[PDB]
$ cat structure_26.cif   # mmCIF, C-alpha atoms and all ligand atoms
data_run
loop_
_atom_site.group_PDB
_atom_site.id
_atom_site.type_symbol
_atom_site.label_atom_id
_atom_site.label_comp_id
_atom_site.auth_asym_id
_atom_site.auth_seq_id
_atom_site.Cartn_x
_atom_site.Cartn_y
_atom_site.Cartn_z
ATOM 1 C CA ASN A 1 128.288 108.066 103.088
ATOM 2 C CA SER A 2 127.043 107.400 106.648
ATOM 3 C CA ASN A 3 128.244 104.055 108.192
ATOM 4 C CA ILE A 4 124.873 103.127 109.692
ATOM 5 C CA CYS A 5 121.402 102.435 108.191
ATOM 6 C CA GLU A 6 119.304 105.586 108.077
ATOM 7 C CA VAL A 7 116.223 103.608 109.190
ATOM 8 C CA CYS A 8 117.371 101.279 112.016
ATOM 9 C CA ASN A 9 120.689 103.000 112.899
ATOM 10 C CA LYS A 10 122.700 99.700 112.773
ATOM 11 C CA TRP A 11 125.741 98.788 110.698
ATOM 12 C CA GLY A 12 125.740 95.835 108.400
ATOM 13 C CA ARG A 13 125.490 95.239 104.622
ATOM 14 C CA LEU A 14 124.676 98.843 103.567
ATOM 15 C CA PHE A 15 123.760 100.259 100.139
ATOM 16 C CA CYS A 16 124.882 103.803 99.735
ATOM 17 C CA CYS A 17 122.918 106.596 98.004
ATOM 18 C CA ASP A 18 124.783 108.267 95.105
ATOM 19 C CA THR A 19 123.180 111.677 95.635
ATOM 20 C CA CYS A 20 123.225 112.096 99.386
ATOM 21 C CA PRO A 21 125.218 110.642 102.278
ATOM 22 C CA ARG A 22 122.560 108.198 103.518
ATOM 23 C CA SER A 23 122.888 104.495 103.642
ATOM 24 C CA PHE A 24 120.469 101.568 103.939
ATOM 25 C CA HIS A 25 119.978 98.007 104.652
ATOM 26 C CA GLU A 26 118.414 96.350 101.629
ATOM 27 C CA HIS A 27 114.981 95.699 103.283
ATOM 28 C CA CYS A 28 115.093 98.839 105.451
ATOM 29 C CA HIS A 29 114.815 101.064 102.319
ATOM 30 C CA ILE A 30 111.320 101.249 100.830
ATOM 31 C CA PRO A 31 111.081 100.192 98.126
ATOM 32 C CA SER A 32 113.829 97.443 98.837
ATOM 33 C CA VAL A 33 117.166 98.655 97.387
ATOM 34 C CA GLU A 34 117.116 98.119 93.647
ATOM 35 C CA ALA A 35 119.412 95.276 92.226
ATOM 36 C CA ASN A 36 121.324 97.319 89.651
ATOM 37 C CA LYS A 37 120.919 101.107 88.950
ATOM 38 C CA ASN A 38 124.161 103.091 88.910
ATOM 39 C CA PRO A 39 123.899 105.756 90.090
ATOM 40 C CA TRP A 40 121.194 104.892 92.677
ATOM 41 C CA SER A 41 119.197 107.562 94.463
ATOM 42 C CA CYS A 42 117.402 106.796 97.800
ATOM 43 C CA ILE A 43 113.764 107.634 98.513
ATOM 44 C CA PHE A 44 114.771 110.859 100.350
ATOM 45 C CA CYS A 45 116.439 112.072 97.184
ATOM 46 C CA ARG A 46 113.542 111.011 94.950
ATOM 47 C CA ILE A 47 111.078 112.920 97.170
ATOM 48 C CA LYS A 48 113.279 116.034 97.151
ATOM 49 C CA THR A 49 113.352 115.857 93.299
ATOM 50 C CA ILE A 50 109.523 115.854 93.113
ATOM 51 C CA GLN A 51 109.404 118.924 95.272
ATOM 52 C CA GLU A 52 112.081 120.669 93.128
ATOM 53 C CA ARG A 53 110.388 119.853 89.869
ATOM 54 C CA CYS A 54 107.067 121.304 91.184
ATOM 55 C CA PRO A 55 107.659 123.907 93.890
ATOM 56 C CA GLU A 56 103.961 124.620 94.091
ATOM 57 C CA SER A 57 103.483 121.064 95.364
ATOM 58 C CA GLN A 58 104.440 122.461 98.791
ATOM 59 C CA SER A 59 101.503 124.837 98.994
ATOM 60 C CA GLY A 60 98.854 123.794 101.556
ATOM 61 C CA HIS A 61 96.370 121.057 100.701
ATOM 62 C CA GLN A 62 93.173 119.765 102.257
ATOM 63 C CA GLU A 63 93.439 116.214 103.722
ATOM 64 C CA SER A 64 90.197 115.235 102.045
ATOM 65 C CA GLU A 65 91.628 116.004 98.610
ATOM 66 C CA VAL A 66 94.916 114.216 99.364
ATOM 67 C CA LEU A 67 93.097 111.056 100.468
ATOM 68 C CA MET A 68 91.102 110.810 97.262
ATOM 69 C CA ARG A 69 94.137 110.900 95.056
ATOM 70 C CA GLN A 70 94.744 107.850 92.934
ATOM 71 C CA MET A 71 97.957 105.954 93.588
ATOM 72 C CA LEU A 72 99.894 107.137 90.531
ATOM 73 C CA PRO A 73 103.740 106.818 90.743
ATOM 74 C CA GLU A 74 104.317 110.025 92.706
ATOM 75 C CA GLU A 75 101.657 109.241 95.351
ATOM 76 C CA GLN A 76 102.972 105.617 95.583
ATOM 77 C CA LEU A 77 106.382 107.032 96.323
ATOM 78 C CA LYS A 78 105.083 109.522 98.894
ATOM 79 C CA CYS A 79 103.306 106.656 100.745
ATOM 80 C CA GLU A 80 106.397 104.541 100.643
ATOM 81 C CA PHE A 81 108.384 107.413 102.144
ATOM 82 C CA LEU A 82 105.767 108.050 104.859
ATOM 83 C CA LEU A 83 105.856 104.304 105.740
ATOM 84 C CA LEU A 84 109.659 104.528 105.909
ATOM 85 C CA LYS A 85 109.562 107.557 108.226
ATOM 86 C CA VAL A 86 107.472 105.436 110.660
ATOM 87 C CA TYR A 87 110.024 102.580 110.567
ATOM 88 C CA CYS A 88 112.682 105.215 111.317
ATOM 89 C CA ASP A 89 111.346 105.452 114.861
ATOM 90 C CA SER A 90 112.533 102.669 117.078
ATOM 91 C CA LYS A 91 109.069 102.349 118.672
ATOM 92 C CA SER A 92 107.843 101.017 115.321
ATOM 93 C CA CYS A 93 109.050 97.623 116.472
ATOM 94 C CA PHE A 94 105.867 97.141 118.420
ATOM 95 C CA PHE A 95 103.752 97.562 115.280
ATOM 96 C CA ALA A 96 105.933 95.852 112.633
ATOM 97 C CA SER A 97 104.954 92.234 112.794
ATOM 98 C CA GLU A 98 101.656 90.371 113.104
ATOM 99 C CA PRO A 99 100.122 90.927 116.567
ATOM 100 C CA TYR A 100 98.174 88.534 118.750
ATOM 101 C CA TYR A 101 95.629 89.305 121.404
ATOM 102 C CA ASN A 102 95.124 87.447 124.700
ATOM 103 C CA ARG A 103 94.647 89.827 127.610
ATOM 104 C CA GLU A 104 92.108 89.465 130.400
ATOM 105 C CA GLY A 105 89.261 91.926 129.920
ATOM 106 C CA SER A 106 90.000 92.792 126.289
ATOM 107 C CA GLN A 107 89.005 91.329 122.970
ATOM 108 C CA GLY A 108 91.266 91.567 119.867
ATOM 109 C CA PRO A 109 90.421 93.855 116.992
ATOM 110 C CA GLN A 110 88.096 92.775 114.194
ATOM 111 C CA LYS A 111 90.642 93.779 111.581
ATOM 112 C CA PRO A 112 94.269 93.382 112.758
ATOM 113 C CA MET A 113 96.892 95.475 110.976
ATOM 114 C CA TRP A 114 100.648 95.882 111.151
ATOM 115 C CA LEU A 115 103.470 97.745 109.349
ATOM 116 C CA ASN A 116 104.846 94.761 107.432
ATOM 117 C CA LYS A 117 101.350 94.016 106.083
ATOM 118 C CA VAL A 118 101.118 97.662 104.855
ATOM 119 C CA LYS A 119 104.609 97.316 103.354
ATOM 120 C CA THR A 120 103.559 94.153 101.443
ATOM 121 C CA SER A 121 100.350 95.846 100.310
ATOM 122 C CA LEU A 122 102.279 98.825 98.899
ATOM 123 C CA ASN A 123 104.752 96.496 97.200
ATOM 124 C CA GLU A 124 101.921 94.467 95.611
ATOM 125 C CA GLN A 125 100.177 97.753 94.432
ATOM 126 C CA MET A 126 97.039 96.840 96.462
ATOM 127 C CA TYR A 127 96.072 100.421 97.237
ATOM 128 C CA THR A 128 94.282 102.345 94.473
ATOM 129 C CA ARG A 129 94.001 105.654 96.452
ATOM 130 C CA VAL A 130 96.056 107.377 99.166
ATOM 131 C CA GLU A 131 93.008 106.846 101.424
ATOM 132 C CA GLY A 132 93.583 103.017 101.536
ATOM 133 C CA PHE A 133 97.103 103.385 102.768
ATOM 134 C CA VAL A 134 96.221 106.055 105.306
ATOM 135 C CA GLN A 135 93.260 104.078 106.647
ATOM 136 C CA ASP A 136 95.357 100.980 107.272
ATOM 137 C CA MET A 137 98.106 103.059 108.977
ATOM 138 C CA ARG A 138 95.636 104.797 111.278
ATOM 139 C CA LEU A 139 93.958 101.399 111.989
ATOM 140 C CA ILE A 140 97.233 100.106 113.466
ATOM 141 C CA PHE A 141 97.203 102.744 116.203
ATOM 142 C CA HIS A 142 93.427 102.714 116.737
ATOM 143 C CA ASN A 143 93.482 98.859 117.307
ATOM 144 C CA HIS A 144 96.275 99.336 119.841
ATOM 145 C CA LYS A 145 94.451 102.029 121.783
ATOM 146 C CA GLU A 146 91.280 100.053 121.955
ATOM 147 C CA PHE A 147 92.911 96.768 123.013
ATOM 148 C CA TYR A 148 95.262 98.184 125.718
ATOM 149 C CA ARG A 149 92.465 100.270 127.361
ATOM 150 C CA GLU A 150 93.891 101.831 130.504
ATOM 151 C CA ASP A 151 97.240 100.061 130.414
ATOM 152 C CA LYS A 152 100.004 102.635 130.118
ATOM 153 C CA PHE A 153 101.256 100.634 127.035
ATOM 154 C CA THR A 154 98.505 102.484 125.150
ATOM 155 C CA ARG A 155 100.887 105.394 124.998
ATOM 156 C CA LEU A 156 103.121 103.610 122.480
ATOM 157 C CA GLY A 157 100.219 103.835 119.966
ATOM 158 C CA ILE A 158 99.836 107.568 120.625
ATOM 159 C CA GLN A 159 103.526 108.129 120.178
ATOM 160 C CA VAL A 160 103.967 106.343 116.889
ATOM 161 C CA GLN A 161 100.667 107.755 115.563
ATOM 162 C CA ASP A 162 102.066 111.225 116.277
ATOM 163 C CA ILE A 163 105.139 110.414 114.126
ATOM 164 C CA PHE A 164 102.876 109.125 111.341
ATOM 165 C CA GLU A 165 100.580 112.198 111.433
ATOM 166 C CA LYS A 166 103.422 114.821 111.538
ATOM 167 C CA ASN A 167 105.116 113.101 108.587
ATOM 168 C CA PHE A 168 101.823 112.788 106.717
ATOM 169 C CA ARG A 169 101.262 116.558 107.061
ATOM 170 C CA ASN A 170 104.820 117.281 105.913
ATOM 171 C CA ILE A 171 105.053 114.861 102.934
ATOM 172 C CA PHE A 172 101.603 115.643 101.539
ATOM 173 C CA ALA A 173 101.910 119.432 102.346
ATOM 174 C CA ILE A 174 98.741 119.527 104.388
ATOM 175 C CA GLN A 175 97.619 123.142 105.074
ATOM 176 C CA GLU A 176 98.725 124.240 108.508
ATOM 177 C CA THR A 177 95.975 124.995 111.054
ATOM 178 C CA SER A 178 95.671 125.937 114.751
HETATM 179 ZN ZN ZN B 201 118.467 99.099 108.650
HETATM 180 ZN ZN ZN B 202 119.802 109.965 98.890
HETATM 181 ZN ZN ZN B 203 105.770 123.002 88.412
#
$ encode --input "structure_26.cif" --output "structure tokens" --more "lines below"
Ligand SMILES: [Zn+2]
Ligand SMILES: [Zn+2]
Ligand SMILES: [Zn+2]
Amino acid sequence: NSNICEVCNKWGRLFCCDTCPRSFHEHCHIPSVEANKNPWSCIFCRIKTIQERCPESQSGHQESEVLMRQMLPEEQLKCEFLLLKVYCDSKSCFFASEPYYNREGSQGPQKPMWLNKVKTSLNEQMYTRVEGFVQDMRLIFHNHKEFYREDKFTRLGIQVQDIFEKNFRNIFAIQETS
């Protein structure tokens, strides 16, 4: 196994996957690393299994169909994994915890959103369709862009949105287009 957390790239109290070399902090893994379970397989491994069980699941899909899917166990897991891929980028720090808004010439968003709130909502099974999860993720970056206006800090929202969207297209096998 690796000697650093796959998510945050720090050492510490690490749980090791039994089927690949990755390791995790308890609350860095999504879902949080399970109490017992020997062997234990990490979310990367569980996603790879889904793909292997149904190779056709990698054929192209339309986004509109993916969004309307109900949050059955496999879609729950895919959302968890997509959330985790965003936390994997260090720039996710800016979007993890509850924001506050007090900048001359700007007004805060009507509906604040942040990664830890999405993580709690997934954990509590609050989303009934993929669309709910995706809407809240895209809302994080849209709120940021609107609030920061012409400040160059707006770019952080563009950057982490790009990581979200690339991973969304990969995990849900969105049909490639020009
Ligand atoms: Zn970690
Ligand atoms: Zn693994
Ligand atoms: Zn199949």
$ residues_near_ligand --input "structure_26.cif" --ligand "ligand ZN 202 (chain B)" --cutoff "12 Å" --atoms "all atoms listed in the file" --output "PyMOL selection string"
chain A and resi 1-2+6+15-24+29+33+39-49
$ residues_near_point --input "structure_26.cif" --point "(99.9, 97.2, 107.7)" --cutoff "12 Å" --atoms "only C-alpha atoms" --output "PDB file with C-alpha atoms, keeping the file's coordinate frame"
ATOM      1  CA  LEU A  83     105.856 104.304 105.740  1.00  0.00           C
ATOM      2  CA  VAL A  86     107.472 105.436 110.660  1.00  0.00           C
ATOM      3  CA  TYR A  87     110.024 102.580 110.567  1.00  0.00           C
ATOM      4  CA  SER A  92     107.843 101.017 115.321  1.00  0.00           C
ATOM      5  CA  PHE A  95     103.752  97.562 115.280  1.00  0.00           C
ATOM      6  CA  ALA A  96     105.933  95.852 112.633  1.00  0.00           C
ATOM      7  CA  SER A  97     104.954  92.234 112.794  1.00  0.00           C
ATOM      8  CA  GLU A  98     101.656  90.371 113.104  1.00  0.00           C
ATOM      9  CA  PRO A  99     100.122  90.927 116.567  1.00  0.00           C
ATOM     10  CA  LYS A 111      90.642  93.779 111.581  1.00  0.00           C
ATOM     11  CA  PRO A 112      94.269  93.382 112.758  1.00  0.00           C
ATOM     12  CA  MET A 113      96.892  95.475 110.976  1.00  0.00           C
ATOM     13  CA  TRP A 114     100.648  95.882 111.151  1.00  0.00           C
ATOM     14  CA  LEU A 115     103.470  97.745 109.349  1.00  0.00           C
ATOM     15  CA  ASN A 116     104.846  94.761 107.432  1.00  0.00           C
ATOM     16  CA  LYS A 117     101.350  94.016 106.083  1.00  0.00           C
ATOM     17  CA  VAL A 118     101.118  97.662 104.855  1.00  0.00           C
ATOM     18  CA  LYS A 119     104.609  97.316 103.354  1.00  0.00           C
ATOM     19  CA  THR A 120     103.559  94.153 101.443  1.00  0.00           C
ATOM     20  CA  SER A 121     100.350  95.846 100.310  1.00  0.00           C
ATOM     21  CA  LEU A 122     102.279  98.825  98.899  1.00  0.00           C
ATOM     22  CA  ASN A 123     104.752  96.496  97.200  1.00  0.00           C
ATOM     23  CA  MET A 126      97.039  96.840  96.462  1.00  0.00           C
ATOM     24  CA  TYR A 127      96.072 100.421  97.237  1.00  0.00           C
ATOM     25  CA  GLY A 132      93.583 103.017 101.536  1.00  0.00           C
ATOM     26  CA  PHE A 133      97.103 103.385 102.768  1.00  0.00           C
ATOM     27  CA  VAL A 134      96.221 106.055 105.306  1.00  0.00           C
ATOM     28  CA  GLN A 135      93.260 104.078 106.647  1.00  0.00           C
ATOM     29  CA  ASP A 136      95.357 100.980 107.272  1.00  0.00           C
ATOM     30  CA  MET A 137      98.106 103.059 108.977  1.00  0.00           C
ATOM     31  CA  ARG A 138      95.636 104.797 111.278  1.00  0.00           C
ATOM     32  CA  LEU A 139      93.958 101.399 111.989  1.00  0.00           C
ATOM     33  CA  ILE A 140      97.233 100.106 113.466  1.00  0.00           C
ATOM     34  CA  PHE A 141      97.203 102.744 116.203  1.00  0.00           C
ATOM     35  CA  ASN A 143      93.482  98.859 117.307  1.00  0.00           C
TER      36      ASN A 143
END
$ atom_distance --input "structure_26.cif" --atom1 "atom CA of residue 32 of chain A" --atom2 "atom CA of residue 78 of chain A"
14.9 Å
$ residues_around --input "structure_26.cif" --residues "residue 176 of chain A" --least-positions-apart "3" --cutoff "9 Å" --atoms "only C-alpha atoms" --output "list in words"
residues 60, 61, 169 and 173 of chain A
$ residues_around --input "structure_26.cif" --residues "residue 10 of chain A" --least-positions-apart "6" --cutoff "10 Å" --atoms "all atoms listed in the file" --output "tab-separated table (two decimals) with C-alpha atoms, keeping the file's coordinate frame"
chain	number	residue	atom	x	y	z
A	3	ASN	CA	128.24	104.06	108.19
A	4	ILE	CA	124.87	103.13	109.69
A	24	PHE	CA	120.47	101.57	103.94
A	25	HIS	CA	119.98	98.01	104.65
$ residues_around --input "structure_26.cif" --residues "residue 69 of chain A" --least-positions-apart "3" --cutoff "9 Å" --atoms "all atoms listed in the file" --output "list in words"
residues 65, 66, 72, 75, 128, 129, 130 and 131 of chain A
$ atom_distance --input "structure_26.cif" --atom1 "atom ZN of ligand ZN 203 (chain B)" --atom2 "atom CA of residue 57 of chain A"
7.6 Å
$ decode --input "structure_26.cif" --residues "segment 40-159 of chain A" --atoms "C-alpha atoms" --output "PDB file, in the first residue's frame"
ATOM      1  CA  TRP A  40     -12.114  -3.969   2.506  1.00  0.00           C
ATOM      2  CA  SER A  41     -12.239  -2.553  -0.999  1.00  0.00           C
ATOM      3  CA  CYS A  42     -11.996   1.256  -1.609  1.00  0.00           C
ATOM      4  CA  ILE A  43     -14.394   3.227  -3.802  1.00  0.00           C
ATOM      5  CA  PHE A  44     -11.947   3.085  -6.765  1.00  0.00           C
ATOM      6  CA  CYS A  45     -12.112  -0.689  -6.643  1.00  0.00           C
ATOM      7  CA  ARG A  46     -15.899  -0.763  -6.243  1.00  0.00           C
ATOM      8  CA  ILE A  47     -16.307   1.494  -9.306  1.00  0.00           C
ATOM      9  CA  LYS A  48     -13.938  -0.666 -11.371  1.00  0.00           C
ATOM     10  CA  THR A  49     -16.041  -3.750 -10.403  1.00  0.00           C
ATOM     11  CA  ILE A  50     -19.252  -2.115 -11.713  1.00  0.00           C
ATOM     12  CA  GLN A  51     -17.569  -1.416 -14.998  1.00  0.00           C
ATOM     13  CA  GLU A  52     -16.250  -5.025 -15.213  1.00  0.00           C
ATOM     14  CA  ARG A  53     -19.580  -6.577 -14.405  1.00  0.00           C
ATOM     15  CA  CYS A  54     -21.270  -4.487 -17.168  1.00  0.00           C
ATOM     16  CA  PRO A  55     -18.798  -3.510 -19.885  1.00  0.00           C
ATOM     17  CA  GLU A  56     -21.551  -1.880 -21.882  1.00  0.00           C
ATOM     18  CA  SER A  57     -21.914   0.649 -19.059  1.00  0.00           C
ATOM     19  CA  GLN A  58     -18.977   2.472 -20.693  1.00  0.00           C
ATOM     20  CA  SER A  59     -20.794   3.152 -23.940  1.00  0.00           C
ATOM     21  CA  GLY A  60     -21.727   6.832 -24.440  1.00  0.00           C
ATOM     22  CA  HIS A  61     -24.736   8.283 -22.644  1.00  0.00           C
ATOM     23  CA  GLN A  62     -26.716  11.495 -22.906  1.00  0.00           C
ATOM     24  CA  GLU A  63     -26.369  13.832 -19.865  1.00  0.00           C
ATOM     25  CA  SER A  64     -30.112  14.339 -19.774  1.00  0.00           C
ATOM     26  CA  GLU A  65     -30.702  10.619 -19.276  1.00  0.00           C
ATOM     27  CA  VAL A  66     -27.960  10.338 -16.636  1.00  0.00           C
ATOM     28  CA  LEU A  67     -29.428  13.213 -14.615  1.00  0.00           C
ATOM     29  CA  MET A  68     -32.865  11.640 -14.444  1.00  0.00           C
ATOM     30  CA  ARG A  69     -31.605   8.410 -13.009  1.00  0.00           C
ATOM     31  CA  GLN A  70     -32.867   7.507  -9.579  1.00  0.00           C
ATOM     32  CA  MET A  71     -30.261   7.219  -6.846  1.00  0.00           C
ATOM     33  CA  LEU A  72     -30.153   3.420  -6.623  1.00  0.00           C
ATOM     34  CA  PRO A  73     -26.976   1.913  -5.018  1.00  0.00           C
ATOM     35  CA  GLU A  74     -24.811   2.078  -8.142  1.00  0.00           C
ATOM     36  CA  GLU A  75     -25.658   5.739  -8.900  1.00  0.00           C
ATOM     37  CA  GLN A  76     -25.154   6.615  -5.173  1.00  0.00           C
ATOM     38  CA  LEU A  77     -21.708   5.115  -5.412  1.00  0.00           C
ATOM     39  CA  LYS A  78     -20.867   6.905  -8.667  1.00  0.00           C
ATOM     40  CA  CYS A  79     -21.832  10.259  -7.050  1.00  0.00           C
ATOM     41  CA  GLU A  80     -19.784   9.496  -4.007  1.00  0.00           C
ATOM     42  CA  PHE A  81     -16.794   8.751  -6.234  1.00  0.00           C
ATOM     43  CA  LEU A  82     -17.296  11.937  -8.289  1.00  0.00           C
ATOM     44  CA  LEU A  83     -17.451  13.954  -5.014  1.00  0.00           C
ATOM     45  CA  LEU A  84     -14.229  12.237  -3.911  1.00  0.00           C
ATOM     46  CA  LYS A  85     -12.450  13.067  -7.182  1.00  0.00           C
ATOM     47  CA  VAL A  86     -13.205  16.771  -6.475  1.00  0.00           C
ATOM     48  CA  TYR A  87     -11.731  16.531  -2.947  1.00  0.00           C
ATOM     49  CA  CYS A  88      -8.658  14.952  -4.568  1.00  0.00           C
ATOM     50  CA  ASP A  89      -7.737  18.355  -5.974  1.00  0.00           C
ATOM     51  CA  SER A  90      -6.080  20.594  -3.462  1.00  0.00           C
ATOM     52  CA  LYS A  91      -8.070  23.612  -4.715  1.00  0.00           C
ATOM     53  CA  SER A  92     -11.171  21.953  -3.251  1.00  0.00           C
ATOM     54  CA  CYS A  93     -10.203  23.541   0.042  1.00  0.00           C
ATOM     55  CA  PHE A  94     -11.801  26.772  -1.035  1.00  0.00           C
ATOM     56  CA  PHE A  95     -15.172  25.069  -1.530  1.00  0.00           C
ATOM     57  CA  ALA A  96     -15.191  22.527   1.338  1.00  0.00           C
ATOM     58  CA  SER A  97     -16.586  24.414   4.265  1.00  0.00           C
ATOM     59  CA  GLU A  98     -19.446  26.871   4.741  1.00  0.00           C
ATOM     60  CA  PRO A  99     -18.671  30.186   2.990  1.00  0.00           C
ATOM     61  CA  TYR A 100     -19.502  33.719   4.047  1.00  0.00           C
ATOM     62  CA  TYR A 101     -19.953  36.773   1.907  1.00  0.00           C
ATOM     63  CA  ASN A 102     -18.895  40.341   2.759  1.00  0.00           C
ATOM     64  CA  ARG A 103     -17.220  42.061  -0.173  1.00  0.00           C
ATOM     65  CA  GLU A 104     -17.806  45.631  -1.303  1.00  0.00           C
ATOM     66  CA  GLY A 105     -19.913  45.686  -4.459  1.00  0.00           C
ATOM     67  CA  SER A 106     -21.154  42.094  -4.254  1.00  0.00           C
ATOM     68  CA  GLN A 107     -24.075  40.400  -2.596  1.00  0.00           C
ATOM     69  CA  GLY A 108     -23.910  36.752  -1.387  1.00  0.00           C
ATOM     70  CA  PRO A 109     -25.748  34.000  -3.192  1.00  0.00           C
ATOM     71  CA  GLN A 110     -29.386  33.211  -2.459  1.00  0.00           C
ATOM     72  CA  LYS A 111     -28.574  29.550  -1.949  1.00  0.00           C
ATOM     73  CA  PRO A 112     -25.057  28.953  -0.546  1.00  0.00           C
ATOM     74  CA  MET A 113     -23.514  25.538  -1.171  1.00  0.00           C
ATOM     75  CA  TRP A 114     -20.293  23.782  -0.254  1.00  0.00           C
ATOM     76  CA  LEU A 115     -18.643  20.340  -0.595  1.00  0.00           C
ATOM     77  CA  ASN A 116     -19.156  19.221   3.005  1.00  0.00           C
ATOM     78  CA  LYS A 117     -22.879  20.028   2.725  1.00  0.00           C
ATOM     79  CA  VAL A 118     -23.051  17.833  -0.439  1.00  0.00           C
ATOM     80  CA  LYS A 119     -21.114  15.117   1.413  1.00  0.00           C
ATOM     81  CA  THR A 120     -23.626  15.198   4.320  1.00  0.00           C
ATOM     82  CA  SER A 121     -26.532  15.169   1.870  1.00  0.00           C
ATOM     83  CA  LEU A 122     -25.179  12.059   0.115  1.00  0.00           C
ATOM     84  CA  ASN A 123     -24.556  10.369   3.460  1.00  0.00           C
ATOM     85  CA  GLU A 124     -28.117  11.134   4.637  1.00  0.00           C
ATOM     86  CA  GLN A 125     -29.557   9.813   1.258  1.00  0.00           C
ATOM     87  CA  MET A 126     -31.156  13.245   0.574  1.00  0.00           C
ATOM     88  CA  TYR A 127     -30.828  13.036  -3.195  1.00  0.00           C
ATOM     89  CA  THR A 128     -33.442  10.945  -5.025  1.00  0.00           C
ATOM     90  CA  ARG A 129     -31.944  11.487  -8.548  1.00  0.00           C
ATOM     91  CA  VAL A 130     -28.449  12.103  -9.946  1.00  0.00           C
ATOM     92  CA  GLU A 131     -29.775  15.541 -10.994  1.00  0.00           C
ATOM     93  CA  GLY A 132     -29.977  16.739  -7.316  1.00  0.00           C
ATOM     94  CA  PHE A 133     -26.370  15.962  -6.660  1.00  0.00           C
ATOM     95  CA  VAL A 134     -25.173  17.466  -9.924  1.00  0.00           C
ATOM     96  CA  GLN A 135     -27.212  20.640  -9.434  1.00  0.00           C
ATOM     97  CA  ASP A 136     -25.756  21.281  -5.991  1.00  0.00           C
ATOM     98  CA  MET A 137     -22.187  20.631  -7.266  1.00  0.00           C
ATOM     99  CA  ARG A 138     -22.588  23.018 -10.191  1.00  0.00           C
ATOM    100  CA  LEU A 139     -24.205  25.596  -7.823  1.00  0.00           C
ATOM    101  CA  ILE A 140     -20.978  25.728  -5.786  1.00  0.00           C
ATOM    102  CA  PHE A 141     -18.986  27.006  -8.761  1.00  0.00           C
ATOM    103  CA  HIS A 142     -21.761  29.210 -10.174  1.00  0.00           C
ATOM    104  CA  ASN A 143     -22.136  31.029  -6.748  1.00  0.00           C
ATOM    105  CA  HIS A 144     -18.379  31.605  -6.711  1.00  0.00           C
ATOM    106  CA  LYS A 145     -18.272  33.058 -10.209  1.00  0.00           C
ATOM    107  CA  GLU A 146     -21.126  35.385  -9.557  1.00  0.00           C
ATOM    108  CA  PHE A 147     -19.845  36.660  -6.195  1.00  0.00           C
ATOM    109  CA  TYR A 148     -16.172  37.242  -7.207  1.00  0.00           C
ATOM    110  CA  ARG A 149     -17.136  39.125 -10.432  1.00  0.00           C
ATOM    111  CA  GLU A 150     -13.944  40.440 -11.992  1.00  0.00           C
ATOM    112  CA  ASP A 151     -11.615  39.442  -9.176  1.00  0.00           C
ATOM    113  CA  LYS A 152      -9.045  36.989 -10.492  1.00  0.00           C
ATOM    114  CA  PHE A 153     -10.115  34.632  -7.598  1.00  0.00           C
ATOM    115  CA  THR A 154     -13.036  33.726  -9.876  1.00  0.00           C
ATOM    116  CA  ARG A 155     -10.631  31.447 -11.663  1.00  0.00           C
ATOM    117  CA  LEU A 156     -10.551  29.011  -8.736  1.00  0.00           C
ATOM    118  CA  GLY A 157     -14.252  28.251  -9.456  1.00  0.00           C
ATOM    119  CA  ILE A 158     -13.487  27.621 -13.135  1.00  0.00           C
ATOM    120  CA  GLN A 159     -10.633  25.337 -12.255  1.00  0.00           C
TER     121      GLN A 159
END
